[PDB]
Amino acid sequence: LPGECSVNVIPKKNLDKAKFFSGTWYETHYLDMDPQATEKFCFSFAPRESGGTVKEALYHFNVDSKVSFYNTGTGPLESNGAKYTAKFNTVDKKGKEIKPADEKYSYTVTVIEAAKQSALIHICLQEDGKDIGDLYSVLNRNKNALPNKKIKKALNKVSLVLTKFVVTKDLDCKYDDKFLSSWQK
């Protein structure tokens, strides 16, 4: 049911960490597993890893309200090298903290597949370690690009097809690319 995080979310075997945890990723397609979650959003992020800790900068844009928000997330990478659980705060466009982390919230990202300039991730949001909801996202290095077929193969294993996803390339997305490109610089 909506609210419980999906089963059969499998971390990629032997994800190349240096490649995945670099640069900027754009969401091109997403599927919130709650069918009533129909707000249109654009998303991009810059995840980095060092010494088994992930530090990432996040960017969301609400298409309807035209309001953006910025977060950073930090947490340990699992031994499998393709899954992490983060605590997060809220920052402004200059990276200054404007709201501190709320200890009760966390999220868990699984990198399911990565191929060429494409990837497939899943996020499970939690409150006090209990599932509150989840979403799948197809990522690309290029905003307007279609995913590698390996991403579709991965979707098919969890009984999903790409046509079910929201596509954002036609939406009025506005991005802060400098916030992400300047991450940790």
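Residues carry their position along the shown sequence, with the first being 1.
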Q: For the higher mean C-alpha B factor in the entry, choose 113-121 or 151-159.
A: 151-159
Q) Which is higher on average in the deposited entry, the C-alpha temperature factors of 73-81 or of 94-102? A) 94-102
**Q.** Given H29, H60, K40, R141, the residue at which the Cα B factor reaches its maximum
**A.** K40
Q: Name the residue from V67, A46, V54, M33 with the greatest C-alpha temperature factor listed in the entry.
A: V67
(Q) Quick check for you: using the entry's CA B-factors within this chain, is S137 in the lowest, middle or highest third? (A) lowest
